Visitor: 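Have a look at this one before I ask anything.
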Protein chains: 2
Amino acid sequence: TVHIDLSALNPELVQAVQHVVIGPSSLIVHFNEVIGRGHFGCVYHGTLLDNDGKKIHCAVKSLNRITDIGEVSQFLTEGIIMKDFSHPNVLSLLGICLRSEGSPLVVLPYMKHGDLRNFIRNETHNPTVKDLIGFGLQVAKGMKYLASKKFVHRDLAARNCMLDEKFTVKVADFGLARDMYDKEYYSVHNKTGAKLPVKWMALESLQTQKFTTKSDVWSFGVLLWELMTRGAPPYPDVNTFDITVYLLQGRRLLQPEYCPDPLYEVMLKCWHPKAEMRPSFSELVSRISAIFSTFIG
Amino acid sequence: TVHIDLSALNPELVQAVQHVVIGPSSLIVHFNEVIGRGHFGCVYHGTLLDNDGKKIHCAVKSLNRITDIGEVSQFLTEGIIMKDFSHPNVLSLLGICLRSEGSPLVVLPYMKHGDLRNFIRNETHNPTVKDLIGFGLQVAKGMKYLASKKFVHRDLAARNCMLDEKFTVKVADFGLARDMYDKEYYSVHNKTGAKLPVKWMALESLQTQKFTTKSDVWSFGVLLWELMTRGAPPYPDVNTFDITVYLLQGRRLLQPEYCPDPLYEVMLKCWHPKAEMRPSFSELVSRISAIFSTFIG
Ligand SMILES: Cn1cc(-c2cc(Oc3cc(F)c(NC(=O)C4(C(=O)Nc5ccc(F)cc5)CC4)cc3F)ccn2)cn1
Ligand SMILES: Cn1cc(-c2cc(Oc3cc(F)c(NC(=O)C4(C(=O)Nc5ccc(F)cc5)CC4)cc3F)ccn2)cn1
């Protein structure tokens, strides 16, 4: 039971939400089929009805246990941010349900193969080295696009990239994760306080808490490493409190077994201690494209 | 076009600069908006970004026309000297940009009301006698602090005190000045040779070119006089070449119109021909505090 005063929301926000509102008899939420639980609420399988009558399989993200109007606001703006991107390697929005009674909803296209991290860890799938380089390239393209819209991601990692039925990677800001044998996704970050994924963070972000596109580039480097190790945890035998010093000493993730030398060289350029010396996403797309092009497998 | 060998700088200096480094990701230099031109280079309006997102209005001091590595060194040490002071009446440092390619930068907080001399001369502002005594007191407090760190200023005068949006005086070593109708600051001292502001200098400094805290006390006396006359030039009818003799004869700046007797008495004690007989800044803070406290206006 939720009653929301719509008049207490920013009116421009409400108007933006109206441009992507979902029809009254188009969405079915399968409460029986949970995808995950977060601090915000639940994510369900759902079935949206096309402007024609067609049945679209989607993921319904629902806001539950609401305590204040600011929480509704943030939920809705996150939704609106992703409405104004349009790129095959960035996860798109199907719609939003905002009513004065009941949980607000954000509806997303269903991603057949879930998150990229569980996919590359899954032993039934045998993604080849070339494939993994392919996935890293599609990610670079998504970040290249987002960096062109001056959007800073802050939480790039394999767990936040989804993978669709055509094996297209959609960069996303899911915030949830799951284990190999878990049926359901759960929250990665704490309910309150800053989102700090230490082992994906740039040296300067660890020190100053300031995130930039150039720090997304670092996280990408780490994301590449995940791909080439098929989802190994980074710096496993290092405590999250010692990471900073470890980096300051000049140590870096080591070359994974079947990772090509020039791709590992890309990862290092991503981890350059000076941000402005790291490559842009545009340069990464070109470098990794060249590598992919000349790779045999 | 300038390229600097960082390895040719003292390594401790470079390490100190690292503790206050700014990212080329955070500073915007408005080359279109010049504040002043000196022999070192230019000062621009600029916009620095807070460690997460806030836009800070600053002044960017840039080193241009560099001929040798010693010049870079001095520029940078001046910056570092002012990083290790911390006092509300001493101008602080926002940061330094030191890169191999391009002009080195020192970034400072923007002072809404510019230098103290132009402020008290400005007829749109009607600072009362009490206010002016207030400004002199804030200066004494700044010098008191600097004298406790064994720092000798050498060039204290109203033109080198800045004034912020709360009307706090920041003692500084700006080195620049401007006229009532000039839109832009210019150099006070010659390109080459010693910085010698004759009408603010202690008798012994005029003779021996040695500067001490006790000679800063003299300059302060003169600075007080500027304040009480709302920025009149000192010894106007005296040539800079005859000042020494004039002082040797025992003559001193006269009592300004609405200056209180006991504050003028403070100024004289500052101009005592024997340095060790002048008051310390700590004594000046007490004396002027008492005067300010019992002043009605
Ligand atoms: C088999 N399987 C299918 C699934 C499955 C699970 C799904 O759940 C979600 C996935 C998300 F990515 C978000 N994301 C979000 O809610 C937001 C988001 O994506 N932000 C954002 C996006 C792109 C940007 F560039 C920048 C920001 C608004 C935060 C939510 C979800 F519920 C969805 C589809 N499919 C899981 N397993
Ligand atoms: C409206 N308006 C605002 C403005 C305006 C102009 C500004 O220009 C500057 C002011 C300075 F004081 C320095 N100072 C310096 O560069 C140094 C300095 O201050 N050293 C120092 C400082 C304090 C000490 F106790 C001892 C030494 C290193 C020499 C530089 C500047 F570019 C800045 C802000 N605001 C001018 N008009």
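Below, all heavy atoms of this structure are taken into account, side chains as well, without hydrogens, waters or symmetry copies. Reminder, nothing fancy here: chain letters follow the sequence lines and each chain counts from 1. Order of appearance sets the numbers: ligands from 1, and atoms from 1 within every ligand.
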Visitor: What residues, two or more places apart in sequence or in another chain, satisfy ring pair (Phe, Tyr, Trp, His ring centres under 6.0 Å) together with A:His153?
Guide: none

Visitor: Is any side-chain N of the basic residue among A:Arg37 and A:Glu184 closer than 4.0 Å to the acidic one's carboxylate O?
Guide: yes

Visitor: Indicate, with yes or no, if the rings of B:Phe85 and B:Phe151 have centres closer together than 6.0 Å.
Guide: yes

Visitor: Show the nearest heavy-atom pair for residues B:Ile66 and B:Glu71, with the distance to one decimal.
Guide: CA-OE1, 4.1 Å

Visitor: Report each N/O pair between ligand 2 and the protein that falls under 3.5 Å, naming both atoms.
Guide:
{"unit_1": "ligand 2", "atom_1": "2 (N)", "unit_2": "B:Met111", "atom_2": "O", "d": "3.3"}
{"unit_1": "ligand 2", "atom_1": "16 (O)", "unit_2": "B:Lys61", "atom_2": "NZ", "d": "2.8"}
{"unit_1": "ligand 2", "atom_1": "19 (O)", "unit_2": "B:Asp173", "atom_2": "N", "d": "3.2"}
{"unit_1": "ligand 2", "atom_1": "35 (N)", "unit_2": "B:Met111", "atom_2": "N", "d": "3.2"}

Visitor: Measure up the B:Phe119 and B:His113 rings against each other and bin them: parallel (under 30°), tilted (30 to 60°), perpendicular (over 60°).
Guide: perpendicular

Visitor: Run through A:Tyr110, A:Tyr185, A:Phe31 and flag the one making a ring pair (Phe, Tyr, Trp, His ring centres under 6.0 Å) with A:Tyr44.
Guide: A:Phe31

